């Protein structure tokens, strides 16, 4: 079983955090007090750490959430400290003398460390298995912390507003406004010159910053970026494995949304392109299955053309 994570897991310790602070990793949260000094048995990999201070001294059950990504290693130890001055976590590197004393003490500190709940790992992996260190290093803010409410800006890739090349004729304006493949490739080659599928990690990064960081402007980027991908029909012939992975990324992302329209439209276009006879057969079989899944779940007919696209049927002899 997964008892091996007691020995092989990573540990995050936070020093001098005020009682009542909200602190967590991935989908897991703890209330902070003297009996809680961090998290043990953390599966190695990339993880999202978050926290909110108290509202206005006396808890009003609020505080703007802050967060940061950490690459955690087998038997790793991270020592974070609270800044009283700033009311935030200080990511400044702990002196290795301070870290080694802390590790010598883990045996006694274990009573004060919440075990990372393994039952939430599988869902966290489904949302992040394409985020790499390169992704975090590229997208995270200048001072590495993401905030619900100035050096905190997520460094998302610039997305084009104009979908067609400069000087395009009306017919080319039309072609490239309907198929965003030219637009998508302009982004791929600038951001990910040698590995286009890195765009998939940036799409998980944005979704996490929204869903778990409550950063709305990362939801908007997720929307813009997803739109660029789903309306890029030619691109599905070119970057076929990229799109096979996008379906699985999207099945887990949409599984975390209640569907409170922008998604119904872009996904209709995506399924039209991904389910055609034109594309690689494994993409089509996978897009087919995802379409049926999405239909049953959201009670929508993603396989239907939009109503306003039907021709007039004219009766004539």
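Positions refer to the first chain, counted from 1.
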>> In terms of residues present in the deposited sequence but not modelled, what lies between residue 260 and residue 261: none, 1 to 3, 4 to 9, or 10 or more?
In response: 4 to 9
> From residue 149 to residue 150, how many deposited residues does the entry skip: none, 1 to 3, 4 to 9, or 10 or more?
Replying inline: 10 or more
> When the C-alpha temperature factors are averaged for each of 189 to 197 and 123 to 131, which stretch ends up with the higher value in the entry?
Replying inline: 189 to 197
>> Mean Cα B factor from the PDB record: higher for 66 to 74, or higher for 261 to 269?
In response: 261 to 269
> Between 281, 46, 250, 49, where does the Cα B-factor run highest in the record?
Replying inline: 281
> According to the deposited entry, which of 96, 137, 172, 233 has the largest Cα B-factor?
Replying inline: 96
> Once the chain's modelled residues are ordered by C-alpha B factor and cut into thirds, is residue 176 in the lowest, middle or highest one?
Replying inline: lowest
>> Splitting the chain's C-alpha B-factors into thirds, which one does residue 85 fall into?
In response: highest
> What third of its chain, lowest, middle or highest, does the C-alpha temperature factor of residue 11 fall into?
Replying inline: lowest
> Looking at the C-alpha B-factor of residue 42, is it in the lowest, middle or highest third of its chain?
Replying inline: lowest
> Hey, what third does residue 142 fall into on Cα B-factor, ranked over its chain?
Replying inline: highest
